[PDB]
């Protein structure tokens, strides 16, 4: 097995110390460099799991350790009023070859070609929801982080663009192939591509295994697939 990257240790989280826990005694370590899929019904706490890893919740009990720099792509993206390149860079030092690669892998090169000033076009110009979401992911990919928390960033994108983005940045061999990716995803076509799958039920872990492990076993993942 691979290096321990993220360790979650007897960890219970809530929105405030006084609020009842929203995440119940998480006990899980994510190996380094793996694509882990977080899945479950709506309200199962998948979103809050990423927020807990960002330190945004009050930890009632337990310990959390993450190895390396952490990038985050929210579910609802939003861009600062700026040129395209300075949204992807976001204070990162500009690398024209690497920036082109990222905008490519995030399926943004047609669109920036379309713009009047290209990558220097201020937004400024109105952007679709898919464009903001891909620009958001590009910003995290550009950071060259070691851990990526992805809160279903490719949900609203249309299938081929969503395929384009997932294949090129998130999946096997993508731009983030050496990184540890925690991917919350309502979409279940990518699950054969993940190394590990985590299933959540009411803020707790119900199942964990590979795709066909959790398929042979007809339980929480298979119940969710037929839903």
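Residue numbers count along the first chain shown, from 1.
Peer 1: Count, per the entry, the deposited residues between residue 99 and residue 100 that are not modelled, and return the matching class: none, 1 to 3, 4 to 9, or 10 or more.
Peer 2: In the record, the chain runs straight from residue 99 to residue 100 with none unmodelled.
Peer 1: Hey, which bit's got the bigger mean C-alpha B factor in the entry, 90 to 98 or 151 to 159?
Peer 2: Mean C-alpha B-factor is greater for 90 to 98.
Peer 1: Comparing 109 to 117 with 127 to 135, which has the greater mean CA B-factor as deposited?
Peer 2: So the stretch with the higher mean C-alpha B-factor is 109 to 117.
Peer 1: Going by the entry, which of 216, 210, 12, 16 has the most elevated CA B factor?
Peer 2: The listed residue with the largest C-alpha B-factor is 216.
Peer 1: For the C-alpha B-factor as written in the entry, point me to the maximum among 146, 141, 73, 84.
Peer 2: So the option with the highest C-alpha B-factor is 84.
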